[PDB]
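The structure appears below as structure tokens.
Using ideal geometry, Cβ is built from the backbone for each residue, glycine included, and neighbour counts are taken over all protein chains shown. Any read-out appearing in this document is the output of simple, stated calculations on the displayed coordinates, not a laboratory observation.
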There are 4 protein chains.
Amino acid sequence: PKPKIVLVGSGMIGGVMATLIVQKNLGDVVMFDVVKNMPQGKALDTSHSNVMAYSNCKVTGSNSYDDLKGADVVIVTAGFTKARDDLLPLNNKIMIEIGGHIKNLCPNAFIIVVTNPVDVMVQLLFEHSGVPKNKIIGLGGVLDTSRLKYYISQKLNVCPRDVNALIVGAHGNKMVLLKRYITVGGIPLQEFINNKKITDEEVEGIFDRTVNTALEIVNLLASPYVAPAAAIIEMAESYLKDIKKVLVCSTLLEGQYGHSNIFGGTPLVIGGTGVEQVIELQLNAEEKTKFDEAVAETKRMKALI
Amino acid sequence: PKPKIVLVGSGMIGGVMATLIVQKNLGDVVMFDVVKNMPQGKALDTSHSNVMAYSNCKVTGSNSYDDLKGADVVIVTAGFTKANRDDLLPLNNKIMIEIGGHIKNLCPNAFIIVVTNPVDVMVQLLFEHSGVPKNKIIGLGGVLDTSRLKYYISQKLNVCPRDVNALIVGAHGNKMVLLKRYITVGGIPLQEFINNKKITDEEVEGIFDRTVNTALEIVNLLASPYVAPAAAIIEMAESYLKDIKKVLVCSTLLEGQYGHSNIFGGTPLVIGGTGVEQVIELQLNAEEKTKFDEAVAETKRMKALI
Amino acid sequence: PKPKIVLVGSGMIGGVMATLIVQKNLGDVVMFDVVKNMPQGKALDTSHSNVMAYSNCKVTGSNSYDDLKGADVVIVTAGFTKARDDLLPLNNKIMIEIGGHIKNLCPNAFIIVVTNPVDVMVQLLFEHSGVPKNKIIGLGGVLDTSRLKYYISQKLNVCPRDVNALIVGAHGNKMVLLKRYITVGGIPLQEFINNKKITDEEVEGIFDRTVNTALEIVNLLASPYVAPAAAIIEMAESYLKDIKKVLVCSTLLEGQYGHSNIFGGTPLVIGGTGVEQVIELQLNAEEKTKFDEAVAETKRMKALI
Amino acid sequence: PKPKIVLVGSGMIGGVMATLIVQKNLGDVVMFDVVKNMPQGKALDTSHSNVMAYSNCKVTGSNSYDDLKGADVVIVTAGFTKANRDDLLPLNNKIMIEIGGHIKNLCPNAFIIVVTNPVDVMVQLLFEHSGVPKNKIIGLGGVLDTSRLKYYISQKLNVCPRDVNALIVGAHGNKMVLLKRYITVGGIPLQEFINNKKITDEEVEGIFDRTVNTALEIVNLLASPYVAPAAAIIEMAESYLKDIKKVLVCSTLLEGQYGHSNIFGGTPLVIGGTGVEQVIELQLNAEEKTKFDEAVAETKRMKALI
């Protein structure tokens, strides 16, 4: 009746994901983790917030992969984040495990992968779970551009959502920031540079800040989880309510940008049947070079698993 | 304590405005009209929906301009729409004189959104008679017109309507300037979708003509536009009341931009807590600038007849 | 993929329903009516508001019952209101027409009837459409109590939703106002009478005002449309999102209150499967007497079809 | 223009508060704490979610009480919770003295919500050291406790959680008074469901114990709860900021009600635009009044140890 959202991974990102799912009355939630009491503690705390939010979403915790049965959405945040390339064979097992279960219990689910490096991890779980091309994507562009959009909006004093920006190729240090594609209220950013309301140095500074936003926060003695979770929930909500939002995520490339069996970030339309369109940007030569470097680094790491 | 929103005019647009204000819990509403029972009936009906909406907005009706007192937002839909069409301008001019007098006396610090058509003339008349500052009065135009264009495009490309961005400037009405160069989908230039054969240039020009004529398409179907107009006003009004600083295309006073002065015209603005916080001049090429000159010129033709 | 809501009747109530559906992104909308072009105009207007609402709901007009095909929710407001007892055989024939199509095109939909007298009509459409008891209900209690709730909240200066009240029996002049069941923020109304924050005379004034609110508004304007539409959408949203709200609605009585083979207003739970509970209030003898008068008047009108 | 909400304490509860404030576009957020850099990191993370939430709240971190300046809402979660628990009361008292000192100089006009436990003591201490009016400072308690009771009842009866109404008064903590007589489901007295055998009194008392112990149940599986407390505080704060006049059970100054004076205790109140607009004295029976008196007595015990 009501959709079943399984969070495979109940860390700080899953915590905020469960909170936002209840806030929006989006579906019943299973908080899975391999740690033994944490998800049931979080699920109990979170269940109570149904009262304050006027919702009726069940939130239960679990340590059994069997609770994936009948999942409509699976969100995978589980995986190692230290004790750097060294983690890839480890996270490669976790994807083999999860994919095995996905294949048996919820072969028909919509999968969002978050585990980093996401463009590698989403492909491994693609192959081991056997779900179709248009039912599995990785978080990346929505998060990266949310930072880029926000930093520009603060310089120009406009509402953050009114800045549009495109970040493609791959999530991470090789992300492709497409300066040509930035608009403010639908207006090309270059018009604001011409108007001296923002300088090219400031734009390149903001690009560097964007690329390093995860590390900026970690140095402040915290970690990014609120913005990633809201980004994940935006993609999941576009699926569950058939909104067909144009969102940049990591999807299977079958020729686009000149690359053919790797995952990369590109604008997509997320609708009720899943990925409904893959939109190939008409990049010029400089950008295709930076895109090719982004894909190349995805294949560097993929050859090491 | 809670903001006071006065709808000067309680027709179908004002009705949906009050309904949406209750849904969004935006503030107390006075539904004004010169007709004797219509606003009081609508307000009673609408007040009850606070229960379903989990809100606490008071909604009362009035036939007295004295209820403008202490208004924080004033929305003016009052005016004649028929009894060849320029003939209405002296009539609606006199209505703006009256409303402006009361605004000046009762809520001189209000934020004014004018809707009465032709809006680019009407918003200036009420600007002049009410004496409110330049940055506290605007006219509906771009949000409504572009909402149609965005929607018609979004359905052709099977994407979410809000993901289409478009600017329509100059004036609300037949001379609206449709800036094909500025249309994006998911932040992507529309021309890439034409290049990809996802939509043709002929289809885009059909959509432009459909947009320019959308009010008449609906009137011919034996209905009239009010839902989309009301939603557009509440978006503009919500950006002011909650200080969102949205970039919205509206009719504002031009003091040089595009080469025009002492006239109102549609251009992107930032609506924040202090009113209009920026007036954004698009860098139009020569042909777009020519069509903009025609829209303003048509606003000045009509303004000379009041 | 996305739910299909067919508004059978595109008058002033259907107008606000389509608006609120787009506002809440609840589903695609068909505005049906027998007046010919008017619904296509209203839907066109309404469709554009998707942009302001950040939703994606298709909104089309229709003059063909064939668009009931695959409807997930059908909301019936259509029917004669002039040109009294004499309208009942006419509106019966309309329910026969609608029921015939519901039976052939969307037999598995959730039906909400509004056409008055609702407790008669929802029974007639129940029998001609053949839908289960629990997939069809009539508007009444949610709308009537909203008036009672609002007026109490304004005297006590509290948030209208924080007043709770039950109005049962039938929609219309014989509605049963259960003074014993009124709470404010969960507190019995009697405690506010004792505190002299409201008097029994004022409560009884509010009772008459509630009973006469439809006719009060008709005299200033027309029949009410904003609040009925928000009430129908509250009931319809409870179905579509499996919220399991306790709402007072007109349902088939199979013994409760001592009545059978008739529809009457009583608290029920609306969830993903439709009516999930019918809650029989433990009324005292005097309330049970006033309930009998409401159903009795429902059957007198039903004998005149 | 836009409200300024200062979170004095940026732990796990404040984290969800900043998240929920951006989700609801309620105002700009200052995440204060004495632990250093950590709040600026959390604020940076949280700021970005403005994009997904369609809102415009500034979210910054701070380690300086000078950022209380111009606060419209102050929410106090800071305080010692470890390193018997009577031993923490003079410590957490001196923190209230510090916060109160700054409140008096920088934001004497704010609406204060105190959470530091034991809340009914701390909210009184902060009341006296800041000098804010009685109706501009309250403590978290009832909204949170009843959320558990409501949720569990609704899960046995299979109804929407919000449709259960219940009052829990006296004090936040182990002496909380669970008023079974006041429990309704969709406005129907709970007893009707017991009579109908849809839930037994025996199951109800299990739910009562579970509610009293929910904090400890979660602490053993995890830590102190943070999602529901933050949603509860934000419900109270939104009711203030949007003038909803919701009836919420919170800790307020008692000036005679229930037979008690110069003490704070949990009771239903109305939170509106001016703060506390009503204090509702439940007409408790003798045994309920006995349990209420015990809650205040335990608050007075701990207050005598500062």
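Dipole size of the protein assembly as shown about its Cα centre, with +1 on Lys/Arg Cβ and -1 on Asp/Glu Cβ: approximately 20 debye, rounded to the nearest 20. In the structure displayed, which of B:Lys69/D:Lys24; D:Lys136/D:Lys303; A:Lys93/D:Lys42; A:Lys93/A:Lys149; A:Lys135/B:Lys24; B:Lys246/C:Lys155 lie more than 27 Å apart, Cα to Cα? Flagged as over cut-off: B:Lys69/D:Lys24; A:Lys93/D:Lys42; A:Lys93/A:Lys149; A:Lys135/B:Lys24; B:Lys246/C:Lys155. Across segment A:182-197, coupling constants 3J(HN,Hα) worked out from phi with the 6.51/-1.76/1.60 Karplus curve, θ = phi - 60°, read 7, 10, 10, x, x, 9, x, 3, 4, 5, 7, 5, 4, 6, 6, 7 Hz, and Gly and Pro carry x. Across chain B, the volume of the C-alpha convex hull divided among the residues equals 138 Å³ per residue.
Peptide D:148-159 has a mean of 4 when you count, residue by residue, the C-beta atoms of other protein chains within 10 Å of its C-beta.
May I ask you to order C:292-298, B:111-117 by the average number of other C-beta atoms within 10 Å around their residues, highest value first?
The packing order, highest mean first, is B:111-117, C:292-298.
What does the charge add up to near D:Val159, with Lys and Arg as +1, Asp and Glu as -1, over the other residues with Cβ less than 11 Å from its Cβ? Each step should come with its number before you reach the end.
Details: positive: C:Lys244, C:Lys245, D:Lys150, D:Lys156, D:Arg162, D:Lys198; negative: C:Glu276, D:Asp163.
Net of charged neighbours comes to +4.
Enter the Cα centre distance for the pair segment B:264-281 and segment A:142-213, rounded to the nearest angstrom. Between the Cα centres of segment B:264-281 and segment A:142-213 lies a distance of 22 Å. Taking the centroid of alpha carbons for each part, segment D:1-52 and segment A:42-110 are 27 Å apart.
Summarising the amide proton neighbourhood of B:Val164: residues at separation of 5 or more, or on other chains, whose placed amide H is nearer than 5 Å comprise B:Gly186. Counting Cβ atoms of other protein chains within 10 Å of each residue's Cβ and taking the mean over peptide C:263-269 gives 2. What would the Debye equation give as log₁₀ I(q)/I(0) for the protein assembly as shown at q = 0.05, 0.07, 0.10 Å⁻¹, counting only Cα atoms as equal point scatterers? After summing over all Cα pairs, the log10 values are -0.34, -0.70, -1.52.
Once the C-beta distance of C:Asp85 and C:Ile193 is scaled by a Förster radius of 41 Å, the resulting FRET efficiency is 0.55 to the nearest 0.05. For segment C:1-106, the equivalent ellipsoid derived from the alpha-carbon gyration tensor has semi-axes of 25, 15, 11 Å in decreasing order. Taking amide H as placed 1.01 Å from N in the peptide plane, the amide H of C:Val131 sits under 5 Å from none that are at least 5 places away or on another chain.
3J(HN,Hα) couplings calculated from phi for segment D:256-269 with the Karplus curve 6.51 cos²θ - 1.76 cosθ + 1.60 (θ = phi - 60°) are, in sequence order, x, 4, 6, x, 10, 9, 6, 8, 9, x, x, 7, x, 9 Hz; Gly and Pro show x. For the residue pair B:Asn158 and B:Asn37, what label-to-label distance in nm results when each label sits 7 Å from Cα along the Cα-to-beta-carbon direction? So the two model labels end up 5.2 nm from each other.
Cross-link partners of B:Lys245 among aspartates and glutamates, defined as those whose alpha carbon lies under 17 angstrom from its own and excluding same-chain residues fewer than eight positions apart: A:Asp162, B:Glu235, B:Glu277, B:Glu281, D:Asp28.
Could you give me D for segment A:139-305, from Stokes-Einstein at 20 °C and 1.002 mPa s, where the hydrodynamic radius is the Kirkwood radius over C-alpha pairs? Units µm² s⁻¹, please.
Numbers: Rh = 16.7 Å.
Result for D is 129 µm²/s.
Computed from the C-beta positions of C:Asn212 and C:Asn63 and an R0 of 56 Å, the FRET efficiency is 0.95 to the nearest 0.05. For segment B:1-88, what does the alpha-carbon gyration tensor say about shape, rounded, prolate or oblate, given a ≥ b ≥ c as the root eigenvalues, a/c under 1.5 as rounded, and a/b over b/c as prolate? Since a/c reaches 1.5 and a/b is larger than b/c, the shape of segment B:1-88 is classed as prolate. Averaged over the residues of D:180-187, the number of partner chain Cβ atoms lying within 10 Å of the residue Cβ comes to 6.
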